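This report refers to the structure that appears directly beneath it.
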Ligand SMILES: O=C(Nc1cccc(S(=O)(=O)NCCc2c[nH]c3ccccc23)c1)Nc1nccs1
Ligand SMILES: O=C(Nc1cccc(S(=O)(=O)NCCc2c[nH]c3ccccc23)c1)Nc1nccs1
């Protein structure tokens, strides 16, 4: 909301004459009490010959691209200057604003007698933008006839010593979107008497002598007040005086005709939007009713709106007059020949206007004030103020007829309920001991009726303050007017906390551990790539395709939430590779979204109580499963190239090692088992188990998936479900025997298909407690042992707890281990050795 | 903490070092007579009569734990310690008793602090045997000087500072 | 010669900032809370005093879960986590919650649709704006140096009353200390306490 | 060519089995290490008290007699000193020693900081005990000190009980029964109810506590009529021994990698 300081100063000055403050101080005071000041614009300065001119002659220059005009301009004292201008929104006889040779326009432009388009141009005719007077639009500024004589000083006529304040009013302060409301706020801040510009001393009521039009109101539309008054026989050719067109321009409104201009002016002045109907274009009774399915209205701008059965209209016998609270319609629109005007002063339902305007994308000046509740007490006063002013400008009478529907039964008293609040409650909440009588003085300034009953005030807020409705609301009024800067900084004592949880501590350890091992964390996106599961070649019934779906995504082809973190990880990989960073390991710890049934929403639960355990359980059950995952991808070189050697490309074993890093970080033991599971390679994919619970997969990606996806050849990947990895808090007590160890190496021949870990387990199982360590050295194949067999060489370290192991005692333990491998995996001993 | 997490992930095992030096460790190292590391603070009633000198360096204790691991058959080992040393400046100067019916003045505290040896915090590590173990990938890689240089770079990355290495004797 | 054959990685700087924030509040006795990113409208709006027909919702700022009128959405801030914590725990409650949050902003140099938020909630007997400012000032010292403090000036949020916007005095740099708009705060609205 | 694509796929799927691997092979070419279990216990203790608003303090291990004895109300000629329990720094009558507990660090913190003071201090400490299965001459201690207005034994017990829950489970609590220390009055010995194990819950002697003696408050410039203080201390090797069931403390101190590795990295 833009408005100019002069107008705001004028309204404040009625009850505190002589009031005046710098823009700086005004900006600061506005911020301190709660109003965001987006910009402070003083009206761009001019120097020198910038005066009113009158266009005495126009000559259309032909032969150029656009239409150009050589103009004779009367600039004062019977001097006529020739001026080139490219606009077209002016005729002979029009007052304009000329910047003449020697003048300096805002932006540091000096005007000079140039030659242009074949003629001499002694300056230029100005636009409201070029003078930093108002918004840039097509064409130059034209002053209304009789605003000033040719030769008058531009800066004084235009009022360029004024400053416009651009504010962002918060939706709880609708009353502040007008000179009325902001002026009241300043009188509160500055401790001034305030004369309300909507009151009767300042708007004397016009007569009330019978209805002004037939009106039926379906009251379930939420209309709270609906008033009409007519002004007849107005000059359709009159224009608004300069002072009024100016104030509208500084407020962001382009003036058009007195019928419209006067309703925009009173809207800005008092905060009650208004509308002017061409009365002679209404047919019959005015009806306020809901719209029907499929109904249409054409609004002032000539655009057909598709309506909705929750939209409130004004209709007559013939057509639609208004989308009530949002925008008038074409059928009763004031237009060039309109002589008899019916003025609408309505109070619509805030939620109704909100829904309708969002749905139609019509955030009009009217709608935005109704959304935030307009003061119903001032409808007739805004009506009367508006009628007098229209008659005064365009010269008709104000008919003494008046409709004033005020509900059924009529509501005569618009005040909210009273609020009971303890007198020191603002003191407690602020942590300040305010001077005595402070809370009651400040609530008085904002227009509430305050009465004392010991320690308990009763506060009845004014009608323009529907936001003031609990004691909390009243505290904010006291605290903001006293200033928030007076509130001290006092650390609270917080109780002994329990610190971070196991799961939180585990996710940090997983991240530190992966980052040290060379992985770079990304923030994954939860919006899947389009068709990623078709690229992976997933079956139609694969659980990962059952995705939750967003309904208004920022990319229309990426609306599915992720059931897996790999898509986002692979996306960041592709980005790194495409920028020349080809040796990359990335990881993510984030939640997935895995829905169980269909999207089942739970109905609204009353918020005047807490939900019951059953209601919470039902809300939880309605949401998708959202477990925490950890995932990683690797491509390129795992070990970089350097003096040591050429480096080592990523292989599936590096993803297996990433499982082991995560598991070590989680203090749990894993087992890897061969598995087939897209998007992994079928012979290089492992399913990960903690105990007997599957927790995810790891390995190399399927080369077909890599190819269809544009991934680096050989990309590996790992994904684990962190919710499936149980907590462990081990309390180890390692036996550390100091007696000498015995080292023996044993080679076993097994079927190629037997996993190496199976052979190690079998050797450990049979060897017993004497086996301190087992480790795989060699995996050898060759013809002499069998085309489908392989030799595994294990390094065994034996150690006794109480004695030095004899070497025969160790060989007994080996024999037992070899026999166990025979019985379990069919192993055949090939040879043993005393590791030297 | 970050230095310890970072070294432990890179495969080092932390020990609690002992502050009592081994007997004649600096003669074994061949240190000169005036080497600052020989100016040790001395305990007066040690549990071993030939180990009464407090450590000016954490390597003696680290090397002692290494020798123990190696002598028990654990020959591929990287150990580290984060602990303070004791480096005295003048001779053992004690400060006389200050009355305890009042708090000591800033000057008296400064004088007590100045009377104690310098006791900075050190980080140290030792490595022997295989740095990378033997397995299907290959025979493994024995420890080399570059692995100690890499240990500097781990500590420095953990400390978020940049280091330079320069040849030295 | 280079010695680093296992190049170092990096935890994400947002994650590390969250970590530093969380450690700051833990060290003051507070606790961390967490919750889902797909959340019920009950907890993300209705319990927060922010009803259906209030001026604004997710015609313009919220990702909604299909289908139309399922009362599910991607959370737009972490307050529903604070709301869950108030249902689930005994009072007093001192709670930080840090998490991924979702707004329909196009990604440019100063906006991201997927962002990470920190929120605090203290509910106890006798808490005031004075305590709010002390917490905010401790938090600012932790993240911005011992010279930092905050100022508050009135604003509006549906879940607080009074409400304020928080500016942080960023002394250590910015190329010459200035106030910077940090976030928002307020006293919890009574309708939120009843819900 | 339905059957062309069929076998042109079947041979393509067997190219994938041809290039299969034993996914159970070892992958760890950078074997993991381990932060020391005492260090990790200290870390867990420190995090427990930080999370309650307390702060960690540190100080030298070679310390002045002023701070290790005289400020702690423990004079020259009191029954006992370092004829029998303290390592003394040469030469005889230099008033330097290896600290025997971390209280001098708490004493330094009281001189250096403004009140109130809530302080944990964890550090290496030195006693002339021969190394055996239940004693070590070089050990690690934790101590606490709360000095504020209005502190009582009730607060001492609440802190001790929070600490026990952190290190021993939600079923744990403490009992105190009177003892004597020169720096506290009343003094008590602290027993912890170790429910989670021990092979059947029992009380275990944990450490000692008490209210800070007024002579200690005067020797640090604090008026014992305005401020009171409590304090406690527990030995970490002791705590680890009976919590984990570690029969031989030599394993804690000797540096065998086999003792640390099973405790994990500590990251
Ligand atoms: O009050 C709580 N947090 C809190 C309070 C004040 C500011 C902030 S903020 O700085 O995040 N700004 C948010 C702004 C905003 C988001 N959506 C809107 C819609 C309309 C208008 C404004 C917004 C967070 N949490 C609670 N938990 C339980 C009970 S109250
Ligand atoms: O009071 C503090 N700590 C504290 C209090 C009670 C118990 C413990 S203990 O559990 O560590 N047991 C120690 C036993 C002991 C060691 N040497 C002795 C000599 C003779 C007799 C007994 C002992 C520590 N600290 C303070 N800092 C500043 C002001 S008070």
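All of this is worked out from the model, or read from it or from the source named; none is laboratory data. For neighbour counting, all protein chains shown are included, and Cβ atoms are generated from backbone atoms with ideal geometry for every residue, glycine included.
Name the single residue, out of those in the stretch B:129-146 being within 7 Å of another protein chain (Cβ to nearest Cβ) and either over 19 Å from residue A:793 (Cα atoms) or outside any strand (DSSP E or B) (or both), that is nearest to the chain's Cα centre (by Cα).
B:146
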*If you take just the strands (runs of 3 or more DSSP E) that sit entirely in the stretch A:720-819, which of them hold at least 2 residues that are under 24 Å from residue A:672 (Cβ atoms) and under 60 Å from the mean Cα position of the chain (by Cα)?*
A:771-780
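Quickly run through the stretch A:692-708 and pick out the residues that are touching a residue at least 40 places away in the same chain (Cβ under 8 Å) and buried (at least 20 other Cβ atoms within 10 Å of the Cβ).
Within the stretch A:692-708, the first condition is being touching a residue at least 40 places away in the same chain (Cβ under 8 Å), and the residues that meet it are A:696, A:698-700, A:702, A:704-705, A:708.
Answer for the stretch A:692-708, where residues must be touching a residue at least 40 places away in the same chain (Cβ under 8 Å) and buried (at least 20 other Cβ atoms within 10 Å of the Cβ): A:696, A:698, A:699, A:700, A:702, A:705.
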*Restricted to the stretch C:8-51, and to residues that are more than 7 Å from chain A (Cβ to nearest Cβ) and assigned to a loop (DSSP other than H, G, I, E, B), which residue is nearest to ligand 2 (Cβ to nearest atom)?*
C:27
_Residue count for the stretch A:414-449, restricted to those that are in a helix (DSSP H, G or I) and within 35 Å of the chain's Cα centre (by Cα)_ = 9
_Condition met for residue C:100 (at the interface with chain A (Cβ under 10 Å from one of its Cβ atoms), more than 16 Å from ligand 2 (Cβ to nearest atom) and within 22 Å of residue A:626 (Cα to Cα))_ = yes
*asked:* Can you tell me which of (1) surrounded by fewer than 23 Cβ atoms within 10 Å (Cβ to Cβ); (2) over 30 Å from residue C:22 (Cα atoms); (3) out of contact with any strand residue (DSSP E or B) (no Cβ under 9 Å at 6 or more places or on another chain); (4) in contact (Cβ under 8 Å) with a residue 12 or more places away in the chain is the one residue D:44 doesn't meet?
replied: (2)
*Are any of the residues in the stretch C:162-181 more than 11 Å from every other protein chain (Cβ to nearest Cβ), within 11 Å of ligand 1 (Cβ to nearest atom) and within 14 Å of the chain's Cα centre (by Cα)?*
no
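Looking at this structure, is residue A:593 in contact with a helix residue (DSSP H, G or I) (Cβ under 6 Å, 6 or more places away or on another chain) and either closer than 19 Å to residue A:698 by Cα or crowded, with 21+ Cβ neighbours inside 10 Å (or both)?
On the way: in contact with a helix residue (DSSP H, G or I) (Cβ under 6 Å, 6 or more places away or on another chain): no; either closer than 19 Å to residue A:698 by Cα or crowded, with 21+ Cβ neighbours inside 10 Å (or both): yes.
Against the criterion (in contact with a helix residue (DSSP H, G or I) (Cβ under 6 Å, 6 or more places away or on another chain) and either closer than 19 Å to residue A:698 by Cα or crowded, with 21+ Cβ neighbours inside 10 Å (or both)), residue A:593 does not qualify.
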*Could you count how many residues in the stretch A:544-570 are surrounded by fewer than 20 Cβ atoms within 10 Å (Cβ to Cβ) and either outside the structural domain of residue A:638 (by CATH) or part of a helix (DSSP H, G or I) (or both)?*
1
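Checking the condition more than 10 Å from chain D (Cβ to nearest Cβ) and outside any loop (DSSP other than H, G, I, E, B), which residue from B:51, B:37 passes? Reasoning before the result, please.
Details: B:51 fails: outside any loop (DSSP other than H, G, I, E, B).
Within the list B:51, B:37, the selection yields B:37.
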*asked:* Go through the stretch C:142-151 and report how many residues are within 16 Å of ligand 1 (Cβ to nearest atom), facing another protein chain (nearest Cβ under 9 Å) and surrounded by fewer than 21 Cβ atoms within 10 Å (Cβ to Cβ).
replied: 1
*In this structure, is residue A:633 assigned by CATH to the domain that holds residue A:522, under 21 Å from residue B:10 (Cβ atoms) and not in a loop (DSSP other than H, G, I, E, B)?*
no
*Provide a single number: the residues in the stretch C:59-69 that are touching a residue at least 24 places away in the same chain (Cβ under 8 Å) and either more than 7 Å from every other protein chain (Cβ to nearest Cβ) or outside any loop (DSSP other than H, G, I, E, B) (or both).*
4
*Residues being more than 10 Å from chain C (Cβ to nearest Cβ) and assigned to a helix (DSSP H, G or I): count how many of those fall in the stretch A:358-382.*
13
*Listed residues B:57, B:92; which is at the interface with another protein chain (Cβ under 7 Å from one of its Cβ atoms), within 24 Å of the chain's Cα centre (by Cα), over 18 Å from residue D:260 (Cβ atoms) and not in a helix (DSSP H, G or I)?*
B:92
*asked:* Please verify whether residue B:65 is at the interface with chain D (Cβ under 7 Å from one of its Cβ atoms), touching a residue at least 12 places away in the same chain (Cβ under 8 Å) and either surrounded by fewer than 23 Cβ atoms within 10 Å (Cβ to Cβ) or assigned to a helix (DSSP H, G or I) (or both), treating the condition exactly as stated.
replied: yes
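Can you find a residue that is without any contact (Cβ under 8 Å) to a residue 24 or more places away in the chain and buried (at least 18 other Cβ atoms within 10 Å of the Cβ) anywhere in the stretch C:88-111?
Within the stretch C:88-111 (the criterion being without any contact (Cβ under 8 Å) to a residue 24 or more places away in the chain and buried (at least 18 other Cβ atoms within 10 Å of the Cβ)), the answer is no, since none of the residues qualifies.
Specify the residue that is farthest from residue C:55 (Cα to Cα); the eligible residues are those in the stretch C:129-168 that are free of Cβ contacts under 8 Å to residues at least 12 places away in the same chain and touching a strand residue (DSSP E or B) at 6+ places or on another chain (Cβ under 8 Å). Let's see the steps before the verdict.
First pass over the stretch C:129-168, keeping only residues free of Cβ contacts under 8 Å to residues at least 12 places away in the same chain: C:130-131, C:134, C:141, C:146, C:154, C:156.
After this cut, where a residue has to be touching a strand residue (DSSP E or B) at 6+ places or on another chain (Cβ under 8 Å) as well, the list is C:131, C:154, C:156.
Details: C:131: 30, C:154: 19, C:156: 13 Å.
Checked the stretch C:129-168; the qualifying residue farthest from residue C:55 (Cα to Cα) is C:131.
Please determine, by comparing only the residues of the stretch B:8-27 that are within 17 Å of the chain's Cα centre (by Cα) and assigned to a helix (DSSP H, G or I), which one is nearest to the other protein chains (Cβ to nearest Cβ). Spell out the reasoning first.
To start, the set of residues in the stretch B:8-27 that are within 17 Å of the chain's Cα centre (by Cα) comprises B:8, B:12-26.
Those left that are additionally assigned to a helix (DSSP H, G or I): B:8, B:25-26.
On the way: B:8: 4, B:25: 16, B:26: 18 Å.
That would be B:8.
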*asked:* Against the definition (more than 30 Å from residue A:197 (Cα to Cα) and outside the structural domain of residue A:242 (by CATH)), how does residue A:87 come out, yes or no?
replied: yes
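Could you identify the single residue in C:113, C:92, C:154 that is under 30 Å from residue A:556 (Cβ atoms) and more than 12 Å from ligand 1 (Cβ to nearest atom)?
C:113
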*Members of the stretch C:70-86 that are assigned to a loop (DSSP other than H, G, I, E, B) and either within 16 Å of ligand 2 (Cβ to nearest atom) or at the interface with chain A (Cβ under 7 Å from one of its Cβ atoms) (or both)*: C:70, C:71
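Against the definition (facing another protein chain (nearest Cβ under 7 Å), farther than 24 Å from residue A:433 by Cβ and crowded, with 20+ Cβ neighbours inside 10 Å), how does residue C:139 come out, yes or no? Give the steps one after another, and end with the answer.
Values: facing another protein chain (nearest Cβ under 7 Å): no; farther than 24 Å from residue A:433 by Cβ: yes; crowded, with 20+ Cβ neighbours inside 10 Å: yes.
In short, no.
Among the residues of the stretch D:205-238, what is the count of those that are outside any strand (DSSP E or B) and within 14 Å of another protein chain (Cβ to nearest Cβ)? Steps first, please.
Of the residues in the stretch D:205-238, the ones outside any strand (DSSP E or B) are D:213-227, D:236-238.
Narrowing further to those that are within 14 Å of another protein chain (Cβ to nearest Cβ): D:213-224, D:227, D:236-237.
Summing the residues that are outside any strand (DSSP E or B) and within 14 Å of another protein chain (Cβ to nearest Cβ) in the stretch D:205-238 gives 15.
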